[PDB]
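Following: one structure in structure tokens, then a few remarks.
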Amino acid sequence: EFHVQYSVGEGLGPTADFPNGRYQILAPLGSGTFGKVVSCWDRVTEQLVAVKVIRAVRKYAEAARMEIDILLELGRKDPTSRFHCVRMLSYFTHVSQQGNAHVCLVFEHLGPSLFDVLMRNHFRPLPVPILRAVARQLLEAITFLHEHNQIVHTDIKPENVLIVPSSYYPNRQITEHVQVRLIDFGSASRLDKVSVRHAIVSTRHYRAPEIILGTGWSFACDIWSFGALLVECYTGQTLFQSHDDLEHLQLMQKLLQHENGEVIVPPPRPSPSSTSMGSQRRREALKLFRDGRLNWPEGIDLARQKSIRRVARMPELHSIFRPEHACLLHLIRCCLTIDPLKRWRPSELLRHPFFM
Ligand SMILES: [Zn+2]
């Protein structure tokens, strides 16, 4: 099956009073492989809402109900979104005009994303006072997930941070009074019973090294993504621009090579007698190492010359930050540690001097 197909003006989720649809589609809000997101007029309450229509596939439908399961809990504990996660108002199944069945989630009216904010400013650096406000509210959301709910997000990234329209201005620039919302809990997970997983999670640019290495990931995988997000706001640019595992790990090595410790260490050799998902990942990760060292640049093999220049342009972490922003460098250093066991809890990072 495929995605939903809509024209502006048609209605979603028909009911007895509105057989054409309770939610009148107003404008597109965003989309992706998961489905589509439309701004809608709730004909019942006569309020602005956002409806996320999920592509009629059980890969995405199962993720969607996982997101419903999480947002139901977050909404009950934190109804006014004190902890800045997106508020889900409703959920229903929309039987397509064409035949497919679509789960849809109803949300508070959504503003543009943090990625949208960056792109529209030509990926110019985000001012530190505004970066601080975004980081604090984001860290409050992550604290709410990890410690108040034992949930790991696994996909912290600028696209998954939305600006509340009230904080947004018609001149399309955010101040330090901006309010954010952490969104997209379909790839989230509950670690209350099984706290260590080995599935490949997170989008590539924000993926923590332990996910690539197969040593087992947990809540700390979100802190690394947070730290890469912060750097991205400070420079305007995506930190790790690579899709190859070996080169990606070397970019980590190059960036953190002057933070002492901080070296890419291979995972323990797995059982040859194990068809586990952990062993398979560690089996593939150990091919990127020769004798306990990351096999870069010899492991790329032409291309070894392109990887050498790309890694050479990768800046060292200290070099990125201006002298008057040493405190923000210190905060990020407790985030971008290669060993996940040295990363701080989000509650500890909220007490970091950068936030006072
Ligand atoms: Zn300081």
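In the structure tokens, chains take the letters A, B, ... in the order shown, each chain's residues start at 1, and ligands count up from 1 in the order shown.
The environment of residue A:123 within 10 Å, counting only C-alpha atoms and disregarding residues fewer than 6 places along the same chain, consists of residues 115, 116, 117, 232, 233, 235, 236, 237 and 238 of chain A.
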For the residues in the current selection, export C-alpha atoms as a PDB file, in the first residue's frame.
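Saved file selection-v5.pdb follows:
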ATOM      1  CA  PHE A 115      15.905  22.454  10.968  1.00  0.00           C
ATOM      2  CA  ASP A 116      13.455  24.793   9.223  1.00  0.00           C
ATOM      3  CA  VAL A 117      14.681  27.636  11.430  1.00  0.00           C
ATOM      4  CA  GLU A 232      24.939  22.016  14.749  1.00  0.00           C
ATOM      5  CA  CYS A 233      23.106  25.061  16.127  1.00  0.00           C
ATOM      6  CA  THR A 235      27.927  26.348  13.615  1.00  0.00           C
ATOM      7  CA  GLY A 236      24.728  26.145  11.565  1.00  0.00           C
ATOM      8  CA  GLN A 237      26.152  23.011   9.923  1.00  0.00           C
ATOM      9  CA  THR A 238      25.613  19.291  10.370  1.00  0.00           C
TER      10      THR A 238
END
Within 9 Å of ligand 1, which residues of chain A show up? Give each one with its shortest atom-to-atom distance in Å (one decimal) and the two atoms involved, counting only C-alpha atoms and all ligand atoms, rows by chain then rising residue number, as JSON lines.
{"residue": "A:325", "atom": "CA", "partner": "ligand 1", "partner_atom_place_in_ligand_line": "1 (Zn)", "distance": 8.6}
{"residue": "A:326", "atom": "CA", "partner": "ligand 1", "partner_atom_place_in_ligand_line": "1 (Zn)", "distance": 6.4}
{"residue": "A:327", "atom": "CA", "partner": "ligand 1", "partner_atom_place_in_ligand_line": "1 (Zn)", "distance": 3.9}
{"residue": "A:328", "atom": "CA", "partner": "ligand 1", "partner_atom_place_in_ligand_line": "1 (Zn)", "distance": 7.5}
{"residue": "A:329", "atom": "CA", "partner": "ligand 1", "partner_atom_place_in_ligand_line": "1 (Zn)", "distance": 8.5}
{"residue": "A:330", "atom": "CA", "partner": "ligand 1", "partner_atom_place_in_ligand_line": "1 (Zn)", "distance": 6.7}
{"residue": "A:331", "atom": "CA", "partner": "ligand 1", "partner_atom_place_in_ligand_line": "1 (Zn)", "distance": 8.3}
{"residue": "A:352", "atom": "CA", "partner": "ligand 1", "partner_atom_place_in_ligand_line": "1 (Zn)", "distance": 8.2}
{"residue": "A:353", "atom": "CA", "partner": "ligand 1", "partner_atom_place_in_ligand_line": "1 (Zn)", "distance": 5.5}
{"residue": "A:354", "atom": "CA", "partner": "ligand 1", "partner_atom_place_in_ligand_line": "1 (Zn)", "distance": 6.1}
DSSP on the backbone, then: every residue of stretch 24-245 of chain A marked helix (DSSP H, G or I), written as a PyMOL selection string. chain A and resi 58-77+114-120+128-149+158-160+204-206+209-213+220-235+245
When you draw a straight line from atom CA of residue A:346 to atom CA of residue A:142, how long is it in Å?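 Between these atoms lies a distance of 6.3 Å.
Proximity ranking of A:67, A:147, A:324, A:222 relative to residue A:207 places A:222 first, based on only C-alpha atoms.
Excluding residue A:343 itself and any same-chain residue fewer than 5 positions from it, the protein and nucleic acid residues within 9 Å of it, counting only C-alpha atoms, are residues 220, 223, 224, 333, 334, 335, 336, 337 and 338 of chain A.
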Closest atom pairs, residues of stretch 26-118 of chain A within 9 Å of stretch 2-11 of chain A, only C-alpha atoms, as CSV:
residue,atom,partner,partner_atom,distance
A:26,CA,A:8,CA,5.6
A:27,CA,A:8,CA,6.3
A:28,CA,A:8,CA,8.2
A:33,CA,A:3,CA,8.5
A:34,CA,A:3,CA,8.5
A:35,CA,A:3,CA,5.9
A:36,CA,A:4,CA,7.4
A:40,CA,A:11,CA,8.6
A:53,CA,A:4,CA,7.0
A:54,CA,A:3,CA,7.3
A:55,CA,A:3,CA,4.4
A:56,CA,A:2,CA,6.1
A:57,CA,A:2,CA,7.6
A:96,CA,A:4,CA,6.9
A:97,CA,A:5,CA,8.5
A:98,CA,A:5,CA,8.7
A:100,CA,A:2,CA,8.1
A:102,CA,A:4,CA,7.8
Kindly indicate which residue among A:143, A:154, A:167, A:257 lies nearest to residue A:211, using only C-alpha atoms for the distances.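 Using only C-alpha atoms, residue A:211 sits closest to A:154.
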Mind checking which residues fall within 10 Å of stretch 287-301 of chain A, counting only C-alpha atoms, ignoring those fewer than 4 positions away in the same chain, and posting them as a PDB file with N, CA and C atoms, in the first residue's frame?
ATOM      1  N   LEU A 213      28.987   0.231  16.850  1.00  0.00           N
ATOM      2  CA  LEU A 213      29.935  -0.785  17.297  1.00  0.00           C
ATOM      3  C   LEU A 213      29.272  -2.031  17.868  1.00  0.00           C
ATOM      4  N   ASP A 244      29.246   6.373   5.585  1.00  0.00           N
ATOM      5  CA  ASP A 244      30.049   5.174   5.754  1.00  0.00           C
ATOM      6  C   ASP A 244      30.435   5.036   7.221  1.00  0.00           C
ATOM      7  N   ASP A 245      30.321   3.813   7.742  1.00  0.00           N
ATOM      8  CA  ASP A 245      30.544   3.587   9.168  1.00  0.00           C
ATOM      9  C   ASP A 245      31.975   3.935   9.566  1.00  0.00           C
ATOM     10  N   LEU A 246      32.955   3.476   8.783  1.00  0.00           N
ATOM     11  CA  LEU A 246      34.355   3.690   9.144  1.00  0.00           C
ATOM     12  C   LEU A 246      34.705   5.172   9.139  1.00  0.00           C
ATOM     13  N   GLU A 247      34.332   5.875   8.071  1.00  0.00           N
ATOM     14  CA  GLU A 247      34.620   7.301   7.989  1.00  0.00           C
ATOM     15  C   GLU A 247      33.883   8.072   9.075  1.00  0.00           C
ATOM     16  N   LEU A 249      33.120   6.983  12.073  1.00  0.00           N
ATOM     17  CA  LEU A 249      33.828   6.785  13.333  1.00  0.00           C
ATOM     18  C   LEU A 249      35.114   7.597  13.381  1.00  0.00           C
ATOM     19  N   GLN A 250      35.782   7.766  12.239  1.00  0.00           N
ATOM     20  CA  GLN A 250      36.997   8.570  12.212  1.00  0.00           C
ATOM     21  C   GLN A 250      36.681  10.043  12.428  1.00  0.00           C
ATOM     22  N   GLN A 253      36.612  10.391  15.876  1.00  0.00           N
ATOM     23  CA  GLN A 253      37.984  10.393  16.365  1.00  0.00           C
ATOM     24  C   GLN A 253      38.638  11.744  16.128  1.00  0.00           C
ATOM     25  N   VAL A 263      38.794   7.752  22.390  1.00  0.00           N
ATOM     26  CA  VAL A 263      39.286   7.049  21.216  1.00  0.00           C
ATOM     27  C   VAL A 263      38.294   5.949  20.876  1.00  0.00           C
ATOM     28  N   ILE A 264      38.168   5.659  19.582  1.00  0.00           N
ATOM     29  CA  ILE A 264      37.257   4.612  19.129  1.00  0.00           C
ATOM     30  C   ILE A 264      37.874   3.261  19.476  1.00  0.00           C
ATOM     31  N   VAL A 265      37.226   2.523  20.365  1.00  0.00           N
ATOM     32  CA  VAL A 265      37.695   1.223  20.842  1.00  0.00           C
ATOM     33  C   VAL A 265      36.814   0.144  20.227  1.00  0.00           C
ATOM     34  N   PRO A 266      37.386  -0.926  19.670  1.00  0.00           N
ATOM     35  CA  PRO A 266      36.557  -1.955  19.046  1.00  0.00           C
ATOM     36  C   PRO A 266      35.730  -2.699  20.075  1.00  0.00           C
ATOM     37  N   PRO A 267      34.592  -3.264  19.677  1.00  0.00           N
ATOM     38  CA  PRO A 267      33.788  -4.063  20.602  1.00  0.00           C
ATOM     39  C   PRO A 267      34.484  -5.373  20.918  1.00  0.00           C
ATOM     40  N   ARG A 282      28.491  -6.568  16.088  1.00  0.00           N
ATOM     41  CA  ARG A 282      29.891  -6.565  16.490  1.00  0.00           C
ATOM     42  C   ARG A 282      30.763  -7.270  15.460  1.00  0.00           C
ATOM     43  N   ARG A 283      30.224  -8.293  14.791  1.00  0.00           N
ATOM     44  CA  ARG A 283      30.960  -8.951  13.717  1.00  0.00           C
ATOM     45  C   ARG A 283      31.270  -7.975  12.588  1.00  0.00           C
ATOM     46  N   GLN A 305      41.773   8.900  -0.797  1.00  0.00           N
ATOM     47  CA  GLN A 305      42.175  10.298  -0.902  1.00  0.00           C
ATOM     48  C   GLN A 305      41.013  11.246  -0.629  1.00  0.00           C
ATOM     49  N   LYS A 306      39.792  10.864  -1.015  1.00  0.00           N
ATOM     50  CA  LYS A 306      38.632  11.704  -0.733  1.00  0.00           C
ATOM     51  C   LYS A 306      38.250  11.638   0.741  1.00  0.00           C
ATOM     52  N   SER A 307      38.402  10.466   1.362  1.00  0.00           N
ATOM     53  CA  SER A 307      38.130  10.353   2.789  1.00  0.00           C
ATOM     54  C   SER A 307      39.164  11.111   3.618  1.00  0.00           C
ATOM     55  N   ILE A 308      40.414  11.166   3.152  1.00  0.00           N
ATOM     56  CA  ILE A 308      41.458  11.852   3.908  1.00  0.00           C
ATOM     57  C   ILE A 308      41.212  13.357   3.924  1.00  0.00           C
ATOM     58  N   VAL A 311      37.978  14.082   6.181  1.00  0.00           N
ATOM     59  CA  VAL A 311      38.352  14.019   7.591  1.00  0.00           C
ATOM     60  C   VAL A 311      39.262  15.186   7.958  1.00  0.00           C
TER      61      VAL A 311
END
Find the spatial neighbours of residue A:85, counting only C-alpha atoms, within a cut-off of 8 Å - ignore same-chain residues fewer than 4 positions away - and output them as an MDAnalysis selection string. chainID A and resid 74 81 141 181:183
Output of the above residues as a JSON list (two decimals), in the first residue's frame, restricted to N, CA and C atoms:
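Contents of again.json, freshly written:
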[["chain", "number", "residue", "atom", "x", "y", "z"],
["A", 74, "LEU", "N", 2.74, 10.46, 28.33],
["A", 74, "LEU", "CA", 3.31, 11.79, 28.51],
["A", 74, "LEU", "C", 2.21, 12.83, 28.68],
["A", 81, "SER", "N", 2.30, 20.23, 28.84],
["A", 81, "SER", "CA", 3.61, 20.12, 28.20],
["A", 81, "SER", "C", 4.67, 20.96, 28.92],
["A", 141, "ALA", "N", 12.95, 18.00, 28.22],
["A", 141, "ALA", "CA", 12.18, 16.92, 27.62],
["A", 141, "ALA", "C", 12.89, 15.59, 27.79],
["A", 181, "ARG", "N", 9.09, 22.05, 21.12],
["A", 181, "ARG", "CA", 8.39, 20.80, 21.36],
["A", 181, "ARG", "C", 9.20, 19.66, 20.76],
["A", 182, "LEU", "N", 9.48, 18.64, 21.57],
["A", 182, "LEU", "CA", 10.11, 17.43, 21.07],
["A", 182, "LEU", "C", 9.04, 16.53, 20.47],
["A", 183, "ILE", "N", 9.25, 16.11, 19.22],
["A", 183, "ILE", "CA", 8.22, 15.37, 18.49],
["A", 183, "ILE", "C", 8.74, 14.02, 18.03]]
